[PDB]
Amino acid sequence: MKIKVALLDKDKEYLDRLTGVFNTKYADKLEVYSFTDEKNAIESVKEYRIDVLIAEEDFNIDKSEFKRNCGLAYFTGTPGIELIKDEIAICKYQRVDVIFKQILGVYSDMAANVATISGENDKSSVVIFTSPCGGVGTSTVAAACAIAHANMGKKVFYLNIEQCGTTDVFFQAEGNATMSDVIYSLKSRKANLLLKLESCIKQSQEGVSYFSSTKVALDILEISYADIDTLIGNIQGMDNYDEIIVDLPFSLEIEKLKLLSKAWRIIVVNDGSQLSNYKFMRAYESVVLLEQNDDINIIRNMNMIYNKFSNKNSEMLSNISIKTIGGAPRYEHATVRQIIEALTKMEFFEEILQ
């Protein structure tokens, strides 16, 4: 899929010069149409399905008239100017290769702004850990899984969307960028989104990629459901990760469940206690009822891990339609560090990959 580019200028010599170079030297990557009339350019966007329009800076382009996902940039003769009328400024007289790369940027930005979670086989798997059973170790098991899969050679991204999430207890890395910066970038309708997001990525000692915790916990209240969807879509859009592991607080809100339903697999953690088992089946019963909604399908994508399971005091749930893939005991007098180390040796984490 080549990028279709429209060029709008009164300098025909310039238009011919670019379209001539682009439709020969870059004909494998681009397909370029040129215009001297604004009305012809705008209606051609819709008709030819153009992905990037670049207009000369004196034009005032209303991008609502495109009637299509299509990026906008302005050509200029003025150096040192990053934006013109809120869009990327492209210097006419730099090297064509540099113009080309700016066009790719404008295309990328436009794609990144409407990214959404994908189930295509060439995108990262999205695995969401969640549980209605408090303190059963869901976050620890998710972190352990990320490490376990990193240990096997997977390129793993770890995303923690809890208000009081403990990302920084589990993973450490140099750098001052946090999830707060990620959120800011997603909310500012601003350019270079995907590069900004990539600059916030840290990498743990064991090779797990992640964003460190927001500077203060209340920051995460700023992220919407649309935003999480766009963020995960954008992480898949980076074409680097095998797997995205998301630690998501469980609840029965319809929008939470629609997000959950976009997971390739849902892993639920449970300790098999009386209150845990009861809580889970309370969740299960209402999920089933809510699966009457077209956009909600959850139970068929869930697998269960028992964690902190007492031989003497816990009991697995029977007669439910959720496969148990594994169990871990309750480690006595253990630190977080120790528990995670013990967990990463659990063979059942491989089952999440297949």
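Position 1 is the first residue in the sequence shown; the rest follow in order.
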The stretch carrying the higher mean Cα B factor in the deposited entry, 191 to 199 or 128 to 136, is 191 to 199
Between the two ranges 277 to 285 and 84 to 92, the one averaging a larger CA B factor in the entry = 84 to 92
Select one of 168, 242, 253, 206: the residue whose C-alpha shows the highest B-factor in the crystal structure entry.
-> 206
Looking at 303, 318, 292, 307, which has the biggest Cα B factor in the entry?
-> 292
On the chain's distribution of Cα B-factors, residue 227 falls within the third called middle
Taking the chain's C-alpha temperature factors as the reference, tell me which third residue 237 falls into: lowest, middle or highest.
-> highest
Among the modelled residues of its chain, does the C-alpha B-factor of residue 297 lie in the lowest, middle or highest third?
-> middle
Chain-relative C-alpha B factor for residue 162 (record values, thirds): the lowest
Looking at the entry's B-factor column for C-alpha atoms only, identify whether residue 214 ranks in the lowest, middle or highest third of its chain.
-> lowest
